[PDB]
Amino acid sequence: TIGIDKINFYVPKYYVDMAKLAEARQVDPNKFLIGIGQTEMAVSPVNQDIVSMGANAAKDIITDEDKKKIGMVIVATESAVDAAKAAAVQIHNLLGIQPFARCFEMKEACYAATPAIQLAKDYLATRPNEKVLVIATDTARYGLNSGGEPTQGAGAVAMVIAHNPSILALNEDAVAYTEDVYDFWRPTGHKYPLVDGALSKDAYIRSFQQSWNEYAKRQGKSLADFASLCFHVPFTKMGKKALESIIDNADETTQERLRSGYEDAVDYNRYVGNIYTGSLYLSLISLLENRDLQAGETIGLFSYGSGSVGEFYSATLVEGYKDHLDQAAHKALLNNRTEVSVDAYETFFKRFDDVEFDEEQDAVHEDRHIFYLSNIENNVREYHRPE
């Protein structure tokens, strides 16, 4: 068996209340709270870039034996800080992983972490003694008062792929679907994405339907075979709509089960926002910790990336996986964050666009036990490492 042996996520220590943003934005809060289904939005302090966030997600799950057995570090992102250098090189360094490993990035909007773990599995096929570290790290920024602003978020998800995994076994049924469309994209030079809101909803659902249909055809399966589905989450309601568009043909028992699983799946996401490549996987953690799925049961996953590329595959829960999750820590991570006014949020957002450091505003003193961008000198990013 080969699959997700360890998994974890990290989000920045700040967040803005969606009800507060709605008011500040002069809109019905329920448009956010219910309409798109988001309650709290992660706010990025300058001392947290995709590298530090990435390192932070991975630090709590990487052991010494892991550092010795990891043969590849893959970073999925659409929030790259370098046009050439893979953020995976810095993370590999910060984490102290053994030198003889491949380090690179994969890019395709919100889709990239999927081909990373899937190809990681393929790589491990004949390497039972090796492991692979996949990191999804991104900052979803649309710009103040923009259409996509309410769906913004930032964070990272780290996954350790290996043989005889403790949590999930990746099955051999993945099928991808590519369709050239301009629902969302970010031409070089643009700080923020260009987006056709309505079309992005249609593109997502179509990609999901095509992928699922072909999957169902190739594997001779139906929704009833799944304990629960897990989707890429730009905002909780997006996946809800996509799910609804196909479960009508399913039985009432199946409809109730998948509808319930979905809620557990998007529990964490509601308090973070879109984290691009990591959204699906943050949702997977939420599902694994908020639901009591039994070992042996199968989960169906749909990965999406605007542009667009979609993919559906399954994974089976390993015996005793509950003993390898960190629900308490994750609950704490979200709860122990500090709320910031819409005003402060906008200040943070502006400073971030220019990487304007400020140990006081970012409250750098509090981050003694984590990785953070401490400074940029001579176009080189420097990082503080967990004391």
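Residue numbers here begin at 1 and follow the sequence given.
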Given 45 to 53 and 335 to 343, the range whose Cα B-factors average higher in the PDB entry: 335 to 343
Mean Cα B-factor comparison, 105 to 113 or 244 to 252, giving the higher one as deposited: 244 to 252
Top Cα B factor in the deposited entry, candidates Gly307, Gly147, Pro99, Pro234: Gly147
Highest recorded Cα temperature factor - choice among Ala329, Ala58, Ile70, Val318: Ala329
Chain third (lowest, middle, highest) by recorded CA B-factor, residue given as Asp183: middle
Among modelled residues of the same chain, the CA temperature factor third for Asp196: highest
Assigned third (lowest, middle, highest) for the C-alpha B factor of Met238: highest
Assigned third (lowest, middle, highest) for the C-alpha B factor of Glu289: middle
CA B-factor placement of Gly143, once the chain's modelled residues are sorted into thirds: highest
